[PDB]
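For the record, the sequence lines run as chains A and B.
Mapping of the first sequence onto the UniProt record's numbering: position 30 corresponds to residue 383, and the numbering continues sequentially without gaps.
Mapping of the second sequence onto the UniProt record's numbering: position 45 corresponds to residue 253, and the numbering continues sequentially without gaps.
What follows is a short report on a single structure.
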Amino acid sequence: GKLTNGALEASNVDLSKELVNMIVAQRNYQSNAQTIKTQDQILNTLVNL
Amino acid sequence: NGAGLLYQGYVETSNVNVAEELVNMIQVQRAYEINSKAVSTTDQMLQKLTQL
Numbered sequence: 354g355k356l357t358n359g360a361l362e363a364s365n366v367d368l369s370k371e372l373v374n375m376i377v378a379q380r381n382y383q384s385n386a387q388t389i390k391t392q393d394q395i396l397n398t399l400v401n402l
Numbered sequence: 209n210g211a212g213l214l215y216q217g218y219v220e221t222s223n224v225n226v227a228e229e230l231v232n233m234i235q236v237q238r239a240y241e242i243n244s245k246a247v248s249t250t251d252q253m254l255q256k257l258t259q260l
């Protein structure tokens, strides 16, 4: 396509989408940590008999 | 010909599950402890028979 002199392209990012993705990623990371903790406890109860 | 596939950058871990290993350890310990009792009882019977 045609070019345009005297102009520069933007960063093509959206702050709101990035913020909501950050929140969802944090929640998912904590949810996985909950599974890790559950596995830790379920093995600790078995090893201790 | 039934050969498997290859994945780059992965590694194949062991197929050992500690959860069943611990209970199997309990089972084998109990079985060993029981089997020792037969030896002890046979020894006691022989000792009693000797003292006639």
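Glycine included, every Cβ here is placed at the ideal spot set by N, Cα and C.
Query                                                                                               : Result
Pair within 8 Å by beta-carbon distance, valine 400(A) and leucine 230(B)                           : yes
Length of the line joining the Cα atoms of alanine 363(A) and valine 224(B)                         : 53 Å
Enclosing alpha helix (DSSP H) for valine 400(A) [first to last residue]                            : 368-400
Contacts that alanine 211(B) makes with chain A (C-beta to C-beta distance below 8 Å)               : Residues of chain A passing the Cβ test: none, with the nearest at roughly 34 Å.
Span of the alpha helix (DSSP H), counted from its first residue to its last, around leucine 260(B) : Neither: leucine 260(B) is in no alpha helix (DSSP H) and is coded neither H nor E.
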